[PDB]
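[1] take this sequence and fold it.
(one chain, ligands or ions: 8)
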Amino acid sequence: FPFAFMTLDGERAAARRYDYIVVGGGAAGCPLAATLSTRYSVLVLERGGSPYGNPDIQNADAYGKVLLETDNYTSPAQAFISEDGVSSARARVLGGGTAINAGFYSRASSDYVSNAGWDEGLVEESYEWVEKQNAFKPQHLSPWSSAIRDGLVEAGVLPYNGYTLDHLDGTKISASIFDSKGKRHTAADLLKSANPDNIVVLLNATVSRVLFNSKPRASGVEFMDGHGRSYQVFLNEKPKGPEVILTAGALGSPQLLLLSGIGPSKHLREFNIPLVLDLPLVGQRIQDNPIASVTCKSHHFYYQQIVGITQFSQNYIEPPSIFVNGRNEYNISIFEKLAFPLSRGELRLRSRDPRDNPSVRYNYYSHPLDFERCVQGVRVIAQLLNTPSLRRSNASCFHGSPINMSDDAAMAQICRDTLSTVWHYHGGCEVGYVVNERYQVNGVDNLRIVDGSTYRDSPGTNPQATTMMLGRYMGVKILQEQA
Ligand SMILES: Cc1cc2nc3c(=O)[nH]c(=O)nc-3n(C[C@H](O)[C@H](O)[C@H](O)COP(=O)(O)OP(=O)(O)OC[C@H]3O[C@@H](n4cnc5c(N)ncnc54)[C@H](O)[C@@H]3O)c2cc1C
Ligand SMILES: *[C@@H]1O[C@H](CO)[C@@H](O)[C@H](O)[C@H]1NC(C)=O
Ligand SMILES: *[C@@H]1O[C@H](CO)[C@@H](O)[C@H](O)[C@H]1NC(C)=O
Ligand SMILES: *[C@@H]1O[C@H](CO)[C@@H](O)[C@H](O)[C@H]1NC(C)=O
Ligand SMILES: *[C@@H]1O[C@H](CO)[C@@H](O)[C@H](O)[C@H]1NC(C)=O
Ligand code: NA
Ligand code: NA
Ligand code: NA
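    Numbering: from 1, shown residues only. Ligands and ions are numbered 1, 2, ... in the order given. See the structure here:
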């Protein structure tokens, strides 16, 4: 453990009270807790272990290995499958998704920031604060990246924007949380500027419910340690005073609300959970962004550098590598991601065990506009593969496999046959539905939710930049509302 305030001692952690209890030490949770700790006492409860000293996390070229080695309760990735049949995974380790993701770093658009109603200046400062710790501008493009960039330009995904963090229509190079030595910088590194006298980071602590005082007012949380012991830990008894803040992710935060008795009464009744607040929209309107792709096998890992943002920001073209087998075997893909799907579904409990997955149903391509936009995206992949740049590329493994540029039926077939997540699932505690613009749960005091469960739309081409940013931003806003 590189930070002295990281601990496994749940008894000792729960014997103290805290100004803030942050549930989930992930992409939003780490910078949030670090920021709060500069002035106030903070406990972070993280269900998983430490990312440090784990080669499968530190090494960029191990990206995807963890996804093949999941277990029920302990592994740093936890597999799940949506009710639609689409396999996926979520992090279970300090650092959250940043410990297991493809590392790609790209900011939300100015339109997104405007729609979210965030303060522009603070958003910019908050991104900068994360970037100076965890974001890296590539020194050199791989041969694969060079070909994809050249090809996207030749395919008319314009303008060419060079390297930029910003979300602009056209083709660009962007940053990564992988450094020039191929080492991953997870959100847990954002704990570096925490005040070590004020923060406690308890690992292997699965939070099972928010507790309320005898509007309901949150008073603390209960968590289960790895040894089957559950402990309660409490808040330190127009500024709001102490608060519980959920940063347990798109799946974790709605699940925890439900387990806490905050949700649709009928569903809570089914699981014999005492009602605290009937909040029907908890776990509603959730969404995942589907990809369609072509894939080939390679012995080379090329980390993500390039993204094509198609006209109207409608589809995102990216060319990932992922570990498939132990030089190692990798799958290289070109995907199109549907940027702004209409299709939505719902999250529900499957059990009262706080370690289990909730059920999630995404209704992929239930709205036909989404399926047509998939075909629109695949049309671009087909043009990309036809470019002189892709055809000449010695790095590409696609020389075998053409897509007929003028056969929409065949592209619709690719949409169906390759339907997958790219792990951008979000919603379930949505701003304007479950929380307000200050991330406060509607109808409850001293309870906030600041993570991907709050998003209507996935920010940027890939969301981790905005999620880390938001944790830092809300940290600052909370500090600020104290004068
Ligand atoms: C395989 C994969 C690849 C990805 N690739 C990229 C990419 O290249 N670029 C990009 O921008 N985004 C990428 N993402 C997405 C990005 O990583 C996530 O959207 C982001 O991490 C979400 O942040 P969060 O804080 O909402 O949740 P998380 O980062 O998942 O953090 C939630 C944390 O809460 C913990 N937790 C959950 N429930 C509880 C509980 N009850 N008690 C205690 N702790 C709990 C979890 O263990 C976790 O650490 C990827 C995701 C995955 C899974
Ligand atoms: C995980 O689930 C499987 C079947 O559901 C079972 O074999 C296994 O013992 C479970 N528990 C643990 C702690 O691994
Ligand atoms: C949590 O602790 C239990 C008991 O020590 C252990 O078996 C388990 O692997 C731990 N889980 C994590 C995430 O480290
Ligand atoms: C790798 O790609 C092949 C071909 O599409 C696919 O069948 C396989 O599931 C992929 N493997 C992994 C682990 O992603
Ligand atoms: C995959 O696994 C082993 C090591 O785990 C690797 O050495 C070998 O190339 C692979 N075997 C096949 C053909 O799947
Ligand atoms: Na354009
Ligand atoms: Na759409
Ligand atoms: Na955006």
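
[2] quick one, what contacts the residue of the stretch 101-250 of the chain found nearest ligand 4?
    Of all residues in the stretch 101-250 of the chain, residue 102 sits closest to ligand 4, at 12.3 Å by C-beta to the nearest ligand atom. No exception for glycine: its C-beta is placed from N, CA and C like everyone else's. Contact partners of residue 102, counting by C-beta atoms under 8 Å, 6 or more residues apart in numbering, are 63, 303, 304, 320, 322, 462.

[3] please look at the fifth one and residue 331 and confirm they touch.
    Looking back up the chat, that one is residue 322. Yes - contact criterion C-beta atoms under 8 Å: residue 322 and residue 331 qualify, at 5.3 Å.

[4] residue 213 is in contact with residue 219, isn't it?
    Yes - Residue 213 lies in contact with residue 219 (C-beta under 8 Å); the separation is 4.8 Å.

[5] about what we covered before: please produce JSON lines containing the contacts of residue 102, extended by secondary structure, distance to ligand 7 and neighbour count.
    Formatted as JSON lines, the contacts of residue 102 follow (DSSP: H, G, I helix; E, B strand; the rest coil; distance: C-beta to the ion, whole Å; neighbours: other C-beta atoms under 10 Å):
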{"residue": "63", "secondary structure": "coil", "distance to ligand 7": "28", "neighbour count": "24"}
{"residue": "303", "secondary structure": "coil", "distance to ligand 7": "28", "neighbour count": "21"}
{"residue": "304", "secondary structure": "coil", "distance to ligand 7": "23", "neighbour count": "27"}
{"residue": "320", "secondary structure": "coil", "distance to ligand 7": "22", "neighbour count": "23"}
{"residue": "322", "secondary structure": "strand", "distance to ligand 7": "25", "neighbour count": "16"}
{"residue": "462", "secondary structure": "coil", "distance to ligand 7": "18", "neighbour count": "26"}
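
[6] quick check: the residue of the chain found nearest ligand 6 vs residue 245, distance?
    Nearest to ligand 6 in the chain, going by C-beta to the ion, is residue 169, at a distance of 4.1 Å. In this view, residue 169 and residue 245 are 35 Å apart by C-beta to C-beta, to the nearest Å.

[7] so what's the residue nearest to residue 383 when sequence neighbours are not counted up against?
    With C-beta to C-beta, 6 or more residues apart in numbering as the criterion, residue 383 has its nearest non-adjacent residue at 4.3 Å, and that residue is residue 155. By C-beta under 8 Å, 6+ apart, the contact set of residue 155 is 308, 380, 383, 384, 386, 387.

[8] change it to 7 Å
    Applying C-beta atoms under 7 Å, 6 or more residues apart in numbering, we find residue 155 in contact with 380, 383, 384, 387.

[9] the first one touches residue 317, doesn't it?
    Yes - between residue 380 and residue 317 there is a contact under C-beta atoms under 7 Å: 5.9 Å.

[10] which neighbours do these two share?
    Shared contacts of residue 380 and residue 317, defined by C-beta under 7 Å, 6+ apart, comprise 157, 310, 336.

[11] tally of neighbours for residue 236?
    A total of 14 residues lie near residue 236 under the criterion other C-beta atoms under 10 Å.

[12] pretty sure it contacts residue 244?
    No - the criterion here is C-beta under 7 Å, and residue 236 misses it with residue 244 at 11.7 Å.

[13] so does stretch 314-329 get close to ligand 6?
    No - counting by C-beta under 5 Å from the ion, ligand 6 is not contacted by stretch 314-329; separation bottoms out at 10.0 Å.

[14] any idea how far apart the tips of that stretch sit?
    Its first and final residues considered, stretch 314-329 spans 32 Å by C-alpha to C-alpha, to the nearest Å.

[15] give the contact list for residue 451.
    The contact partners of residue 451, by C-beta under 7 Å, 6+ apart, come to 24, 26, 28, 246, 247, 248, 249, 253, 467.

[16] skipping its backbone neighbours, what lies nearest the first one in space?
    It stands for residue 24. Per C-beta to C-beta, 6+ apart, closest to residue 24 is residue 248, 3.6 Å.

[17] swap in residue 440?
    Residue nearest to residue 440 in three dimensions, not counting chain neighbours: residue 448, with 5.5 Å by C-beta to C-beta, 6+ apart.

[18] run through who's touching the host helix or strand of that neighbour.
    In this assignment (DSSP states H and E), residue 448 forms part of strand 447-449. Strand 447-449 has contacts (C-beta under 7 Å, 6+ apart) with 210, 218, 243, 244, 245, 246, 253, 429, 435, 439, 440, 441.

[19] against ligand 8, how distant is the fifth one?
    Spelled out, that is residue 245. 24 Å (C-beta to the ion, to the nearest Å).

[20] could you list which of the contacts of residue 451 belong to helices?
    249, 253, 467 (DSSP state H).

[21] which of the contacts of residue 155 has the largest number of neighbours?
    Per-residue neighbour counts (other C-beta under 10 Å) across the contacts of residue 155 peak at residue 384, which has 25 neighbours.

[22] show me what whichever strand or helix holds that residue packs onto, helices and strands only.
    In this assignment (DSSP H and E), residue 384 forms part of helix 368-386. With contacts taken as 3 or more C-beta pairs under 7 Å, 6 or more residues apart in numbering; DSSP states H and E, helix 368-386 sits against strand 291-298, strand 315-318, strand 329-338, helix 408-418.

[23] just the C-alphas of the longest one, formatted as PDB.
    It refers to helix 408-418. These are the backbone C-alpha positions of helix 408-418, laid out as PDB (Å, rounded to 0.1, in the frame of the first residue of the first chain):
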ATOM      1  CA  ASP A 408     -26.100  -2.100 -46.300                       C
ATOM      2  CA  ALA A 409     -27.700  -5.500 -45.700                       C
ATOM      3  CA  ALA A 410     -24.200  -6.900 -44.900                       C
ATOM      4  CA  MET A 411     -23.500  -4.000 -42.600                       C
ATOM      5  CA  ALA A 412     -26.800  -4.500 -40.800                       C
ATOM      6  CA  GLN A 413     -25.700  -8.100 -40.300                       C
ATOM      7  CA  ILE A 414     -22.400  -6.900 -38.700                       C
ATOM      8  CA  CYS A 415     -24.500  -4.800 -36.400                       C
ATOM      9  CA  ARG A 416     -26.500  -7.800 -35.300                       C
ATOM     10  CA  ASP A 417     -23.600 -10.300 -35.200                       C
ATOM     11  CA  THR A 418     -21.100  -8.100 -33.300                       C
END
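
[24] taking strand 329-338 as reference, get the angle to that helix.
    120 degrees (axes from the mean of the first three to the mean of the last three C-alpha atoms, to 10 degrees).

[25] and helix 408-418, how far from the chain's centre?
    On the basis of C-alpha atoms, centre = their mean, to the nearest Å, helix 408-418 sits 27 Å off its chain's mean C-alpha point.

[26] could you list the buried residues of that helix?
    Across helix 408-418, burial judged by 16 or more other C-beta atoms under 10 Å covers 411, 412, 414, 415, 418.

[27] which single one of these is nearest to ligand 1?
    Distances from ligand 1 to the buried residues of helix 408-418, taken by C-beta to the nearest ligand atom, are shortest for residue 418, at 16.7 Å.

[28] now that closest one: how far from residue 103?
    Per C-beta to C-beta, residue 418 is found 22 Å from residue 103.
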